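Working notes for the structure below.
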Amino acid sequence: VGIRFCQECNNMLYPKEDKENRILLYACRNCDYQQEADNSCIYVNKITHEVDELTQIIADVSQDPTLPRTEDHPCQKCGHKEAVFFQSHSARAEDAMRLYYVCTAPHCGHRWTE
Amino acid sequence: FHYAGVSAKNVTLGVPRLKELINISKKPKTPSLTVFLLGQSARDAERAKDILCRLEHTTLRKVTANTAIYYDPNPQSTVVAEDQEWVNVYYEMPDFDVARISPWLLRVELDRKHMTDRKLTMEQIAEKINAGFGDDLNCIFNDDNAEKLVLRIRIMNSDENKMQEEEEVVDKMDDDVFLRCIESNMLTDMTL
Amino acid sequence: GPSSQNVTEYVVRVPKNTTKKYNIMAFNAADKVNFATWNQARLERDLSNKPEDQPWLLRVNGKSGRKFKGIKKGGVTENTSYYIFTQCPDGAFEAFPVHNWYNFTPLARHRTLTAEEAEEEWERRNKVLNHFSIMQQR
Amino acid sequence: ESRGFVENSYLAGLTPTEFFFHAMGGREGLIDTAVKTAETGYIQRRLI
Amino acid sequence: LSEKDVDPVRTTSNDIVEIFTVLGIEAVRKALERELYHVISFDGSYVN
Amino acid sequence: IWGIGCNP
Amino acid sequence: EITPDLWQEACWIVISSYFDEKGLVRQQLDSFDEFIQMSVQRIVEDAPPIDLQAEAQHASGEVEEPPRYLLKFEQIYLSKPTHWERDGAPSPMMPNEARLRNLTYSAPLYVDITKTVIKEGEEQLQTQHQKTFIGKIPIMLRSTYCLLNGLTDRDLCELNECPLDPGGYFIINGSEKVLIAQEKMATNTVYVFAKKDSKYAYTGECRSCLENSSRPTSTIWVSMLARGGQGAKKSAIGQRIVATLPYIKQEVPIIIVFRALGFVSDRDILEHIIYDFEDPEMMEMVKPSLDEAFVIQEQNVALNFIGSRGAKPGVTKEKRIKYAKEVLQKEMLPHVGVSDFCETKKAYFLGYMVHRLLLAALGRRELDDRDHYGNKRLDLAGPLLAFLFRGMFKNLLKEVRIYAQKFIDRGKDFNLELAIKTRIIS
Amino acid sequence: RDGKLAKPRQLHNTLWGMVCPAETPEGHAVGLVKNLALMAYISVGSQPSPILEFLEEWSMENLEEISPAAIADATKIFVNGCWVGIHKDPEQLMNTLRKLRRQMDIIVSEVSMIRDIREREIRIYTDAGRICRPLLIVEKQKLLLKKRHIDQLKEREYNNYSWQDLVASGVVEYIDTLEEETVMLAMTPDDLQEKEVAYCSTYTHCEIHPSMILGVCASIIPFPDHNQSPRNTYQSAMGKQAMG
Amino acid sequence: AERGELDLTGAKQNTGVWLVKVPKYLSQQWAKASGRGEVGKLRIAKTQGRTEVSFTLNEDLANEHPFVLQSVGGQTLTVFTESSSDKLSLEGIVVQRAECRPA
Ligand SMILES: [Zn+2]
Ligand SMILES: [Zn+2]
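Chains as they are written, first to last, in the UniProt record's numbering: chain A, 12 to 125; chain B, 1107 to 1298; chain C, 5 to 54, 93 to 180; chain D, 818 to 865; chain E, 1347 to 1394; chain F, 1 to 8; chain G, 93 to 518; chain H, 568 to 811; chain I, 2 to 64, 80 to 119.
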């Protein structure tokens, strides 16, 4: 799935089929280094590109004065009442008016979507 | 703007539309076509929906949830755990494996919602892909009852064995690069 | 034991002048620099003009080993200074100002495409054929 | 209120945010008039 | 137009160039008249 | 300045 | 200690204090004031010292062959606005008299010029011409250098000037002219826009300038080519990122630009471009551009690739390489750095530009708005007159150089006073 | 003016408080020629060197070892362009910068500092072109402006207290458009800061008076909120033509 | 053994050195005399699971500086010297980095 680099020149490896043993390899084009492929998957494309934006949401966002917050939804970890909520804030998000929540109070940063 | 929304279709009006008509522009801003239905399909909504599906362009990208390319050394190996069953079924009486099989596997996964909205069939999609591309692309299609709609595409068996090509034994576009080119072509140009 | 509450305090010495100037040699972590194989090295001013205000070239273990290029730090430390503390038998720390900072980056000991052939290859941007075979041909 | 609805009447008097939004609308109308003149003039000349 | 269960008589497009290439110059005469009348009378304005 | 269907 | 429901008095008291200190035209005035002092000195300092020697071919021998003449402009001075009558006696010029007589309200500008001459005998001689008059600068009325400044309303009435007149205008040829602040796009800022009909899906632009010392802008584009174009390899690779570097005829692949900055390894280029290696989407985005630049794997080859596409070709290969290197050090990303080892900083900023383009393509950041007035700056009297004075002072130095070169090729001598043409600046 | 695109002419939201909405010419220059608001000020420019020195003292390690690291080092400190390093703590840096802006040591009133919490960038712009306006400062739900300041300003003459003293005290602050994007404003202290059904409890600033959003010519219009918007533009144009 | 040879003996002995960033007032105080051989004292106090580093300014020099450590795992640093006799040598490898802050 991910990209891995050569251990000699730190260039980009490329996948290559081993014709003898039928085992996927990654070889650097600029040298002779070769490493067997462990993942066995190469090119993955998510056309719907459904990605949980909780991975793209920063905990620091809880410090923004311009964001709305409610005391209705408490946090799961610490049970803090304040929770600052906001929409996708992303282009090409398809159609999503879902509210994402970020817990206020220091260092918790727990994020839930309801 | 401020056009009354009788239908969910925008139309150029006013000075720009007068410009388009007067200039006889080859490219209208909003080219539209009003279609009237001849038979009972006009009265009945389901037949009208069938006509709408027959008249609306649908690419493979529109119904494809996600596409992946796995290097599968053997068809029986079944690197993906899920296909192990249905691959076995198709290889209980294997077809077109006599020449060879491709070591690379394009495991397209289609969204059921889009498929049922467009009323497409796995056999329909597989037939379109296999026939249009030819014997080179061999496709294995899941049962609709299975939770995941999976189409397993492989490159030409005779091209893999290289007995049919003869000529010089030199890889053209490798195989995975060629498979990626095929994937892009299917995504944007299938015209199912 | 004493290690859980040891307190060490040492004298600091700053000599006015040192015969050898002190510099900083910094290697990137991903390069995995190892000094065990450094049997010999050659550090000299570059000849790319084909002196004191020019980058440095390092050639470890002659031509067979890896080569590195080091460039002085462009940002001067007008409001900062760097010192190095070294252990000495007298037990007092000695501080030496950093004359220069150098970041060394390696160059692979791999076959290098000639400029003319590289231009000819770039003329064929749409390299339908495998690039690895092209590199093997060169 | 946030997106531009003005509940006050002209007699009652617009609140400051409503005032700015109203200015935005009036600006759009004025721009439309000014841009319209030239395109319509060119069309009329072509037809004649 | 040639699709099944599509009325050949009344199916029309707004593009006058397509009307030309498919149905002929007289069909374009009528279609251009229809399109101009639509844009003119959408405001409710009447032109003879 | 009125609404979406009116004027600005 | 609060002021509730008494607020209507308080807001207008603080507004009254604001308008009592400043007034309405404080933009113009302040801008001009700043300009004069800072800008003129800076420009006079920033212009290269005049270097000059006689042609070696003209005279035989090397005893006096390089008579190096070096001219340095030390310091600036402005007198109060002054009119020089036909008799020649200087007089203070009141604005009202300038309006009536159709004169220009301007002040003389004097520069200390130090001329150092090396006769190749190592006896370099430095002669300082103090207060050398180089031109006249129109003075904005009621600015710090206007005669009306710091005068009470009674004194203004004695001079037939209105106490209520705001100032902020120049009297040129007896007419009041007002510099109108000119809107412009902000400099040294990366903005990612999308052009619908362009061959690029997204373009990231940075109108870089080095504190407006010179070169008003040096714009550089990093744009991701659209995948709309269909081809076998084109479909396989997808969108590729190209760079429209200044002073280069055509597009340059971005990875080649990174390698020209000395970062050959793909891992390091991606470290500058992709700050988090763990994210797979951005790595997949960057892969095709690496594929495009797989040919060039050396710094010198990349420099030659850049030089070949330069606007003016270089016959020699190493000439092309040196030209590309100097062009990158000066023209590309001038605000980041202009000399020495600013290459790492330029690499980091170019990686930031590519990264911001990638974020816009992935939808993680929104495209910038050109109409957003945060992305806009306003050129007041200061920046406009500063640009003017840059141009005219460079032309003045050029004319001094021409006159000096003639007289030096003669070998007779050179006079600073004759070389300076006050006509130019004035 | 020839361009018929209706995009660059429209009154943008960011023009609030810095360009008069009403006062624009009508014709080929609708929305292309603008006029400053009454309280608007335009930055004159300053040297970025002291700000860079303070940043170096606080932290902002430059030439680091790929430390952004999914922006683990929260925020990248920018200046007028010129990425100058990054910090691990962005909030302490922002608060220290605001305190310095009050004490007027390294940050003149015009220095504009913007932190984008998402995307993790701090911009710190001092580039001689920015248009900014004075806003009162709200700490918790209380305006920093108090009766002492208003009483001293009321006695302005023979008390040697002026607007610059109000700025030095930290009561008011200059905010440009980029900072206006990151600031919670209240139109009025009483109506908005005071506790009610809580719309926002994080107001950071308060408008001195809304009427200052108008320019010179539109400020003579009486009851301008009771007229149609194009009529205020017409009155600005005609008030430039009145005889007096 | 040549002119360009680098004396890697310090690397072989694995001599550990500490790199510290110190302010300009401290460096200028040191450079004022710079020849007395003394500028201050570095005191390190270690506890069960915490260590603190401080520097005390010399009383003559003045007429507390806590040290904050930084991780060095992200970059490998070494110190090399260019002798006036054109004999390059390596002094050691940096094993710890510190910053000096005003009180
Ligand atoms: Zn390699
Ligand atoms: Zn929590």
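Every residue, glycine too, gets a C-beta built ideally from N, C-alpha and C.
Looking at the DSSP output, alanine 137 (chain C) sits in a beta bridge with C:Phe127.
Measuring C-alpha to C-alpha distances from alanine 573 (chain H) to each of D:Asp849, D:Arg863, D:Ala840 and D:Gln861 identifies D:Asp849 as the nearest. Interface criterion not met: the Cβ of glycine 36 (chain I) is under 9 Å from no Cβ in chain H.
Nearest C-alpha to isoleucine 1259 (chain B) among B:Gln1230, B:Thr1173, B:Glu1152 and B:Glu1253: B:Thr1173. At a cut-off of 9 Å, the C-beta of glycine 330 (chain G) has a neighbouring C-beta in chain B. Collapsing the DSSP output to three states places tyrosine 692 (chain H) in a strand. Annotation: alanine 293 (chain G) is outside any alpha helix (DSSP H); the continuous beta strand (DSSP E) that includes it extends over 292-300. Looking at the DSSP output, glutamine 86 (chain I) bridges to I:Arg113. Taking CB atoms only, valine 1185 (chain B) has a neighbour in chain A less than 9 Å away. Rounded to whole angstroms, the gap between the alpha carbons of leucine 1347 (chain E) and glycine 5 (chain F) is 34 Å. For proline 79 (chain A), no CB of chain B lies under 9 Å from its own CB, so it is not counted at the interface with that chain. Between the C-alpha atoms of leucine 664 (chain H) and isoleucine 674 (chain H) there is a straight-line separation of about 8 Å.
Straight through space, the alpha carbons of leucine 488 (chain G) and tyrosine 495 (chain G) are spaced by roughly 11 Å. Neighbourhood of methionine 779 (chain H) in chain D, by CB distance below 8 Å: empty, with the nearest CB roughly 10 Å away.
In the DSSP assignment, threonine 1173 (chain B) falls within the unbroken beta strand (DSSP E) covering 1170-1177. In this structure, the beta-carbon distance from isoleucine 346 (chain G) to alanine 385 (chain G) falls below 9 Å. Using a cutoff of 8 Å, the CB of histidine 121 (chain A) counts as near ligand 2, since one of the ligand's heavy atoms is closer than that.
Near ligand 1, meaning a Cβ closer than 6 Å to any of its heavy atoms, lie the following residues in chain order: A:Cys17, A:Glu19, A:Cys20, A:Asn22, A:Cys39, A:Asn41, A:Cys42 and A:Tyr44. At a Cβ-Cβ threshold of 9 Å, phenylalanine 56 (chain I) and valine 11 (chain C) do not count as neighbours. Comparing alpha carbon positions, the residue from G:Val387, G:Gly330 and G:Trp99 closest to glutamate 163 (chain C) is G:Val387. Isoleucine 1246 (chain B) and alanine 328 (chain G) have their C-alpha atoms roughly 23 Å apart. For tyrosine 14 (chain C), the enclosing beta strand (DSSP E) begins and ends at 11-17. Counted as a single uninterrupted DSSP element, the beta strand (DSSP E) harbouring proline 148 (chain C) occupies residues 142-149. By the rule that beta-carbons nearer than 9 Å mark a contact, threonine 857 (chain D) touches chain B. If you draw a 10 Å sphere on the C-beta of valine 95 (chain A), you find 16 or more other C-beta atoms in it, and that means buried. With a beta-carbon spacing of about 7 Å, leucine 720 (chain H) and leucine 733 (chain H) fall inside the 8 Å limit used to define contacts. With at least 16 other beta carbons inside 10 angstroms of its own, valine 136 (chain G) counts as buried. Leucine 1293 (chain B) has a beta carbon lying within less than 9 Å of a beta carbon in chain A.
Listed in chain order, the beta strand (DSSP E) runs fully inside the segment 1176-1217 of chain B are 1210-1216, counting runs of at least 3 residues. Assignment of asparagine 32 (chain A) by DSSP, reduced to helix, strand and coil, places it in the coil class. When secondary structure is reduced to three states using DSSP, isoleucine 205 (chain G) falls in the strand class. Inter-residue distance for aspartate 360 (chain G) and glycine 321 (chain G) is about 30 Å (C-alpha atoms, whole angstroms).
Interface residue (Cβ-Cβ distance to chain A less than 9 Å): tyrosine 1177 (chain B) is classified as such. Residue pairing of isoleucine 1130 (chain B) in beta bridges, as defined by DSSP: absent, with no partner found. The beta carbon of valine 55 (chain A) sits no closer than 9 Å to any beta carbon of chain H.
Among the residues facing chain H, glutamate 435 (chain G) is not included, as its CB has no counterpart in that chain under 9 Å away.
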